[PDB]
Each structure stands twice: as C-alpha cells, then as structure tokens.
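Working notes, beginning with the structure itself.
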Amino acid sequence: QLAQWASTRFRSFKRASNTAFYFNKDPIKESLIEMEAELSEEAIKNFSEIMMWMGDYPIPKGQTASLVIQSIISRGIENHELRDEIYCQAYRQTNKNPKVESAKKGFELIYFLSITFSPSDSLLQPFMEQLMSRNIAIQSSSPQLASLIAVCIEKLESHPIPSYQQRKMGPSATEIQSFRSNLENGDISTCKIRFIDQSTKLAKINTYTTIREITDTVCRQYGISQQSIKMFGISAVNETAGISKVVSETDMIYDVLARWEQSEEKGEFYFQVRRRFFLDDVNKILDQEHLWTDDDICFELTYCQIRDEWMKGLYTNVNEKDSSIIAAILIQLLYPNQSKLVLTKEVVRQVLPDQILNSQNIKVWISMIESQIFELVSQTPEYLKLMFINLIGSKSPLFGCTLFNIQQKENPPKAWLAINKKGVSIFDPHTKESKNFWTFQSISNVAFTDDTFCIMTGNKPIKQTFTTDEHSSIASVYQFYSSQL
C-alpha cells in the first residue's frame, strides 16, 4: 500500500520512464518525495537531524538528542507540506538497519511524530498498514521492538487529535526518558510541584497533561478547598537567575519542559504553586474575614506568600511609619505573648526587607517599631495576619497584580505588565512606580502575536503595544479578571 502511494509521489518511482525504502549511512542529496527545491533543501537538513537522533550522524558540541528531535518535530509542526517527507525519512531509516539500537530510535521518532501531527490523509492508511506488517513480521522474534511499533499504530489511530490537545513542542530529555522507562518497566511518570513552605507534591503526568490539570491535583492533595483551587496557579521559579514566571494553565506541561531545555538562563527551574488571583476587596478584609479565613489552608498559603514577597522587597513604596507598623505586626506573629521582648537588630532583620531597611539606620527603626508594638500584643495570630494583609493591600499598588516582564518603546524600555481585578498597568521595575493604568472598561479589545501583547484604548482606538513572549499566560490572566466584571 505504501509502495503504491509512493509510486506517483517519490522521486525514484517518478524517474521511471523501490530501493528508496531501505536504510543508508549516507545523508540524502535530495528529498524522497518530489517537491519544490525550497522544501527539498529543508528535507535534506531534516534527514541529517533524523540521523543525529538515531546515532548515525554526530551531534555538535552545544546540542543534545532531545534538542535534535525537538527541531524535527518543530519543522513538521510549522512546515505542514514537509510532514509526509518526515514520516517517510524516519521509516526508511528503520527498514534494513545494521544496528538494532538505531532502528529502535527510528521507531521512537515515529512515536513522537505520531503524538504531535498526523501524516496526510493519503499517507495515513498505507503508512499504518506498513507498520502493522512490520509488527506482525517481528512480533515473535523481537516482542520489545513490536510493543514500540504497536504504540506508534495506536497513536496514529488516535488522529484527529482535538485542537486543545495538540502539542506545540517536541519531547524534552525528561519526556524521552519517561517514555523509555514506561515501555520497559511500566512505571508512572510524575512531576514534582513545590509550595511556598518548600513542601512538595507529585502529580501523575501524561503526554497531554495541562498545567491546569496538575494545579488542580496538587492543590486538592494539599487540602485547598474546591472553590479556592481556581485562585491558584503555577510559576516557573529559577532561584539562581531571579525568575518567577507565570505558567499558562492552558499550556501542556511537556511543552513547558521542552522550552526549559531551550533556556540559556543558567541554574535550574522548578514549578511552584502560588495564589494567582485576588478577587475580594482587601480594603474590607477586616470586616469580611470569612472570605479569607474560611479555607485555613488557602489563608495560610496566602499569608506566607504575601509575607515572603514583603521580605524579598516586592512592596517597597510603603512609607516608614507603615513599615514600622508592618514590622510590629510580624514581630507579634514571631514572638506571640512576649510583651517584655527587647527589640534587637536581629529581630528587625526578620521582619523588614533590606530595600526598606536601607532608608534609615536600624537604631531609628528599633525606636519607630517600639512605638507601634503595645496595641498589637493583645491581638490573635489570625487577626494580625489579616492586619498585615490589610496594610500591604491598601498601601501597595503591586498587591493583587499578576506581573509579566515586557519590552517597551516608552520609558522604561524594560518594564512590568501588571494585571489585577481593576485592569492593566505598567510599572517601572526599579522605582516600582505605576507609569500607566487602564481599567478593563477603558480597553475595547486586546490582541496577541508570538512576541507581542496589545491593548486598544478609546475609541478608532489608540493602540498600546508591548513586546512579550508570554501571550498564553497574559490571555489567561486577562480573561480570568476581565470576565468577572
């Protein structure tokens, strides 16, 4: 069936006024399928990459097998008319291969192609029937290699894959290893997710698992109430490089892991659960305590997150009197019924970030806090935590915002896009000063490209454009907040 399909499409069959199906150590001089010279040149480039994956061509210094297969699948994703060519090149390299470890890798590539995109409607049945024949012929002699061919057939039978499940990336080294050990041992693939308390949860991960699915499972495992789970999300945290980037809930975890391999940032990235959304009025927190404290698991994760951001210097445009009040509250939380506690430098360092502390000598801070402390000794731990959030919330324009690094033609060129319950803002990352603010009401429409985000003002609207590769996260956060009003 495959030979009949290739009879009117392959170069070798056309130049006939059948041997192009067998393996060869030499990189092909032209594409297998007769096509445009532009596409044939990329098909030659692709063949040498298939050879690299299979271990028949060397990989250059700054490259890996995962990076090589990612390139092949990327080429297939964006160059739609090169898909049949990719499938034929991969299958060709399996038939009559002198190394069994190389032909196996050829079938592993077919599996990874089959989870991403389908071959043409014309190639689908003939190509499957061929794999079926290879399985039947080798079932008894090589049952491990047949299990691998069987899974390729299963994944091609799965097509058409729904739009919401279509993979955007090729496999990471992690996904490759997990696939290999699942075929060998049958063991479950998992992903480790951290919480603000640095405790962890394991999420069972599959080829098409979304970030939303993992968020839901790990939050439920932690004990967060069903209704509060929607307020939580996941961030990619790199401690050495000072990054905390929102991971879109619509992204597939394996597409995120592939993208991490492609990062030139240095250090390691990890997934952390964070409270993402803040829908309740922080100005009414003290008179609507139940909205915050009913779910004590969520309240504790919220308090610790806001405290940590405070200690890391995220909220720096808070005046000294307000900082001295915050320090007094946080001291009462660390030293509960210690009325006779003598304020030391060491105690002040546990409750004020360096960025705040820098404005005046620690002797002045000791004096200023000493003034604020009596009235708070009485207070319960829960009520102090609410008081702390009330102060941060009411005094910091960055409280309750989801932050994204953006590039601008305006000042500053490297800025922060902030989205909250009220709208979209632009913040200077140095001064932490809001440069622009647009309510959801005053934004008629939004647009996205793979490298931009744009908001339409009023009303033939004035277009404001921001350079960012975070379209996915921005759309999800913008949708969540804007859909409440």
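All of this is worked out from the model, or read from it or from the source named; none is laboratory data. Cβ placement follows ideal geometry from the backbone for every residue including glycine, while neighbour counts extend to all protein chains displayed.
Scan region 252-268 for residues that are buried (at least 21 other Cβ atoms within 10 Å of the Cβ) and more than 20 Å from residue 71 (Cβ to Cβ) and report the count.
1
Restricting attention to region 71-95, and to residues there that are polar (S, T, N, Q) and in a helix (DSSP H, G or I), which single residue is nearest to residue 261 (Cα to Cα)?
Of the residues in region 71-95, the ones polar (S, T, N, Q) are 71, 74, 79, 89, 93-95.
Next cut, in a helix (DSSP H, G or I) only: 71, 74, 89.
On the way: 71: 12, 74: 14, 89: 26 Å.
Per the criteria, the residue is 71.
In region 196-222, which residues are over 22 Å from residue 255 (Cα atoms) and either part of a strand (DSSP E or B) or touching a helix residue (DSSP H, G or I) at 6+ places or on another chain (Cβ under 9 Å) (or both)? Please lay out each step first, then the result.
Looking only at region 196-222, we keep the residues that are over 22 Å from residue 255 (Cα atoms), and these are 196-199, 220-222.
The answer is 196, 197, 199, 220, 222.
I need every pair where a residue in region 456-485 that is over 26 Å from residue 256 (Cα atoms) and not assigned by CATH to the domain that holds residue 229 has its Cβ under 7 Å from the Cβ of a residue that is of a type in the set (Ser, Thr, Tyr) and surrounded by fewer than 20 Cβ atoms within 10 Å (Cβ to Cβ), sequence separation at least 6 or different chains.
Once the first residue is over 26 Å from residue 256 (Cα atoms) and not assigned by CATH to the domain that holds residue 229 and sits in region 456-485, its partners that are of a type in the set (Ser, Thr, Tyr) and surrounded by fewer than 20 Cβ atoms within 10 Å (Cβ to Cβ) give 456/444; 457/442; 458/442; 458/444; 459/444; 461/444; 464/457.
Quick check on my filter: what residues within region 161-202 are within 15 Å of the chain's Cα centre (by Cα) and buried (at least 17 other Cβ atoms within 10 Å of the Cβ)?
So in region 161-202, the residues within 15 Å of the chain's Cα centre (by Cα) come out as 167-172, 174-175, 191-194.
167, 169, 170, 171, 172, 174, 175, 191, 193, 194, listed by residue number.
Quick grid of which residues meet (1) within 32 Å of the chain's Cα centre (by Cα); (2) surrounded by fewer than 19 Cβ atoms within 10 Å (Cβ to Cβ):
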site: 93; (1), (2): no, no
site: 97; (1), (2): no, no
site: 100; (1), (2): no, yes
site: 106; (1), (2): yes, no
site: 110; (1), (2): yes, no
site: 114; (1), (2): yes, no
site: 120; (1), (2): yes, yes
site: 127; (1), (2): no, no
site: 145; (1), (2): no, yes
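From the list 384, 417, 403, 398, which residue is in a helix (DSSP H, G or I), among the hydrophobic types (A, V, I, L, M, F, W, C) and surrounded by 14 or more Cβ atoms within 10 Å (Cβ to Cβ)? Before you say what the answer is, go through the steps one by one.
Values: 417 fails: in a helix (DSSP H, G or I); 403 fails: in a helix (DSSP H, G or I); 398 fails: in a helix (DSSP H, G or I).
Checking each option against the conditions leaves just 384.
Only one of (1) out of contact with any helix residue (DSSP H, G or I) (no Cβ under 6 Å at 6 or more places or on another chain); (2) assigned to a helix (DSSP H, G or I) is not met by residue 159, so which one is it?
Among (1) out of contact with any helix residue (DSSP H, G or I) (no Cβ under 6 Å at 6 or more places or on another chain); (2) assigned to a helix (DSSP H, G or I), residue 159 violates only (2).
Find the residue count for region 310-337, including only residues that are in a loop (DSSP other than H, G, I, E, B) and closer than 17 Å to residue 383 by Cα.
Final tally of qualifying residues: 3.
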